[PDB]
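Okay, structure first, notes after.
Positions of Cβ are generated from backbone atoms using ideal geometry, with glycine treated the same way; all protein chains shown enter the neighbour counts. What follows draws every value from the coordinates through simple rules; no lab data is involved.
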Amino acid sequence: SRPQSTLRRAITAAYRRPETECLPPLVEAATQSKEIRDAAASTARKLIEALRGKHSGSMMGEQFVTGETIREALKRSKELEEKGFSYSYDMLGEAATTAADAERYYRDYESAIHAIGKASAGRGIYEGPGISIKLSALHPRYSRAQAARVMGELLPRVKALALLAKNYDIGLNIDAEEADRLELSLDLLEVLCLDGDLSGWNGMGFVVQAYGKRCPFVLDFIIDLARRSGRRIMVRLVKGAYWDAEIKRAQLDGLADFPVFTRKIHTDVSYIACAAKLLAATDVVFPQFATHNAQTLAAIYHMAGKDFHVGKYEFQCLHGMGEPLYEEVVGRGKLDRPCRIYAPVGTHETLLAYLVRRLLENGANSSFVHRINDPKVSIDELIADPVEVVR
Amino acid sequence: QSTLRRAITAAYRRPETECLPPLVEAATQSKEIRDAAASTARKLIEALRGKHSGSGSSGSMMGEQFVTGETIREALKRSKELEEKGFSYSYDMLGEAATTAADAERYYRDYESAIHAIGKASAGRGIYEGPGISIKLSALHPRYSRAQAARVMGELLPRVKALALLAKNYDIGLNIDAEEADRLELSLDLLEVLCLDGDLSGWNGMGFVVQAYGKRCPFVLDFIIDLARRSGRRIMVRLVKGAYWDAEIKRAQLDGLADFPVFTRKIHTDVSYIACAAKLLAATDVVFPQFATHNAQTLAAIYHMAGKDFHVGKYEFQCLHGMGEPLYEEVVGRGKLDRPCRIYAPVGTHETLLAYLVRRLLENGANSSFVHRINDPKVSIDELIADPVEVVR
Ligand SMILES: Cc1cc2nc3c(=O)[nH]c(=O)nc-3n(C[C@H](O)[C@H](O)[C@H](O)COP(=O)(O)OP(=O)(O)OC[C@H]3O[C@@H](n4cnc5c(N)ncnc54)[C@H](O)[C@@H]3O)c2cc1C
Ligand SMILES: Cc1cc2nc3c(=O)[nH]c(=O)nc-3n(C[C@H](O)[C@H](O)[C@H](O)COP(=O)(O)OP(=O)(O)OC[C@H]3O[C@@H](n4cnc5c(N)ncnc54)[C@H](O)[C@@H]3O)c2cc1C
Ligand SMILES: C#CCSCC(=O)O
Ligand SMILES: C#CCSCC(=O)O
């Protein structure tokens, strides 16, 4: 059969599979024992009470950017690195419209890797800083051009950045963008992981969005790719940043079934099911659990069990959103688990698209970060396991 | 179809370089007016920079700064303080782009109940001294942007007419907000039908927004001024720059168009606004101009362009709740410029607030926005009082 026929067919079949059909296997995989659920509720309660206790109970988003340049961002990272946080730097900029813009973004990433690699100073991919890139920044027609043209021009660029990251032994993560570019980005991940020029480096990383119906099947493909390539792929599990745009796009596409879930707790169930899959594959992937939701965090912390070492998995958060929560996580007296801060770098000329996504995240009534400040939402509701709502 | 309607259609994607010469000419003020406006603008900006207005005051992503109240009852109670200072209100029941019939029905009921509450609170103060309402057509039809324009207008007309009839019963203003460029024509057709509908005779509260970032703006205004004159309706015309610029650019880039329906340089929108303000100020007999802006230079220019004669009902300024108060506290009142300002006042929950908040973020966060520049240490007062006609190059 075609290479990985079964795994690839499962991804395509899930693309727009009816939401009601996607959920039952996720619910089962996300169901944890009463004893674990009780312990997780206690941890989530503590995290929420501590969050408010230490923070007395901005739209312009200056708090979301770590620096205007990589040199400035690296200087401002020393304090939290001393405490046990790590960083992933994001040179802001996406959706290049011209070939010249794509070349400028490439050069920004290239210079950033040199600076980050020098700052890392041999700390390696888990304890030291890394970089995150967006494929839409590196091809001028990313959303519109045929995959053959995008691949043939994007692959040499991404390979070159990955080689530089290998040379400094830092992480290089491909951020996940709109649903219609998942397939191309995954094909690119495969080619890079099988490229012998990158052998010996486990810093290649890839995001999977749990609001997407394909998420568990993409994870199956990635875990199998790790096994056959010999690369321990860093896998950032997120819920997803483009929900409002995906809903609008699917409506304008005339779709009867969308590529993302439309009930928020379904995304939560999907995230926990996929975390269970990742936690069973830590021999071949490095799970990175990106979330600001204290209930999600506590559920994964207890799911992962008592055995931990740095390099087994980590949590992640966004700069300007997650530090209060993760100050109750990192460190021996807390949960003794590491957290990597995603750290945007740039100016107003490149901040807009990201800030809009942060407003849609922070301003939505369904978001944990909004509900924690909502007087109508009890602590009981914040710590409730969403899997029990649909079980 | 008419010569005036044809001028609108022909301008839709007219090349930007062709649109500008007539706007530059119309936006050119005499030296005496320019000097007076520079003096007024400098005074306003010096006062603003003694305050802490602009984008830095936008508050948190909870959006608390931008919503007047959760219900119309709450919002009406909170309006008494600023009403006696010389402000009026236009209440906006938040909600837009209905996707289902149930949503469009809920938004209709929200608007209807707001009109009853606002009209009762107005207590016969009329359309200028008393509060009004603003509506979005996309809230009232479940496929506003995705269905054929003719059929959309036909189902929308009875609903908007029913709301207009309630507004007439209480003698309050009812304004149709302007949304995306591809729906200007439909909304303008609806306005014309309403203004020729004898059931609405004797009421001057029908209002309509025109966006100066659009290439059709002056020709829309010519059509509306003529419609007011021939129908006997003193149409309330809210002149804005526009709230959807980033989305219009993105759609136009995807549509593969060489020529967009909006200007692409901020200074061109500024020139367009001043040119269109000149057109409106020449037509105060038949339309009620409402100059919506937070830009102190724009305001000062219009204040001097309007001349010395003023009475309530001639024209007004407008601002958004949570953005315009620092500026307009230097405008309303007998100790200031003695001109009225109507506050656009969103009313709703956090849920219905999100889309409006995104447009406020794009407005407040853009380096090109007056409200961002007023707080920017790199931007001089000299730059803030520059006349757009004298800068454009
Ligand atoms: C370090 C880091 C890196 C990230 N990288 C990426 C990336 O590369 N690509 C990407 O797309 N996202 C990425 N994200 C995720 C995104 O930016 C949000 O931070 C994240 O989705 C919020 O989830 P949460 O668990 O913190 O919050 P929660 O409040 O628990 O979850 C909110 C999320 O639920 C989802 N949602 C909301 N409403 C609905 C609904 N009606 N139906 C279904 N789902 C709904 C959305 O995904 C929303 O963001 C990243 C996040 C972090 C912290
Ligand atoms: C009471 C009130 C009601 C309003 N109602 C509506 C409405 O119904 N519909 C609507 O669309 N808008 C409406 N607006 C306008 C919108 O919400 C903004 O408030 C307004 O455009 C900002 O203009 P300004 O003069 O305050 O600021 P300025 O800083 O002087 O102008 C900013 C504006 O310039 C324009 N712009 C920015 N960059 C560019 C560029 N590169 N090229 C071209 N133009 C550019 C945009 O329109 C932007 O909002 C309303 C505004 C107010 C105050
Ligand atoms: C968060 C993150 C990384 S990708 C989506 C975004 O930039 O918002
Ligand atoms: C402002 C205003 C009225 S219409 C556009 C928007 O709601 O942002």
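Things to note:
To keep it simple, each residue is scored yes or no on (1) within 16 Å of ligand 2 (Cβ to nearest atom); (2) surrounded by fewer than 17 Cβ atoms within 10 Å (Cβ to Cβ); (3) over 20 Å from A:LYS134 (Cβ atoms).
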{"position": "A:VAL218", "(1), (2), (3)": "no, no, no"}
{"position": "A:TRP243", "(1), (2), (3)": "no, no, no"}
{"position": "A:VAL260", "(1), (2), (3)": "no, no, no"}
{"position": "A:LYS277", "(1), (2), (3)": "no, no, yes"}
{"position": "A:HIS309", "(1), (2), (3)": "no, yes, yes"}
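- The residues in the range A:348-379 that are more than 16 Å from ligand 3 (Cβ to nearest atom), within 17 Å of B:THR349 (Cβ to Cβ) and not in a helix (DSSP H, G or I) can be counted, and the count is 7.
- Any chance B:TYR144 is surrounded by fewer than 21 Cβ atoms within 10 Å (Cβ to Cβ) and either within 14 Å of another protein chain (Cβ to nearest Cβ) or within 30 Å of B:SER122 (Cα to Cα) (or both): no
- Scanning the range B:326-371 for residues that are at the interface with chain A (Cβ under 8 Å from one of its Cβ atoms) and either small (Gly, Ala, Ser) or in contact with a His (Cβ under 8 Å, 6 or more places away or on another chain) (or both) yields a total of 5.
- Top-ranked residue of the range B:241-266 - restricted to ones that are over 16 Å from B:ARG360 (Cα atoms) and within 11 Å of chain A (Cβ to nearest Cβ), ranked as nearest to ligand 3 (Cβ to nearest atom): B:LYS250
- Residue match in the range B:311-318 (condition: part of a loop (DSSP other than H, G, I, E, B), under 26 Å from B:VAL389 (Cα atoms) and small (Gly, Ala, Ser)): no
- For the range A:23-46, the condition of being within 14 Å of chain B (Cβ to nearest Cβ) and within 29 Å of A:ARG249 (Cα to Cα) holds for none of the residues.
- Any chance A:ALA280 is away from every other protein chain (no Cβ under 14 Å) and within 16 Å of ligand 1 (Cβ to nearest atom): no
- Within the range A:282-299, the only residue that satisfies the criterion of being more than 16 Å from ligand 3 (Cβ to nearest atom), within 20 Å of A:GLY171 (Cβ to Cβ), among the aliphatic types (A, V, I, L, M) and under 17 Å from the mean Cα position of the chain (by Cα) is A:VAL285.
- If you go through the range A:161-200 and keep only what is within 16 Å of ligand 3 (Cβ to nearest atom) and either touching a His at 6+ places or on another chain (Cβ under 6 Å) or not in a helix (DSSP H, G or I) (or both), you end up with A:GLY171, A:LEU172, A:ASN173, A:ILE174, A:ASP175, A:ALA176, A:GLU177, A:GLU178.
- Of note, B:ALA301 satisfies the criterion of being more than 9 Å from ligand 2 (Cβ to nearest atom), surrounded by 17 or more Cβ atoms within 10 Å (Cβ to Cβ) and part of a helix (DSSP H, G or I).
- Qualifying helices (runs of 4 or more DSSP H) (wholly inside the range A:1-111; at least 2 residues being in contact with a helix residue (DSSP H, G or I) (Cβ under 7 Å, 6 or more places away or on another chain)): A:5-14, A:19-30, A:34-53, A:70-75
- For the range B:68-124, filtering for residues that are more than 16 Å from ligand 2 (Cβ to nearest atom) and within 14 Å of chain A (Cβ to nearest Cβ) leaves 5.
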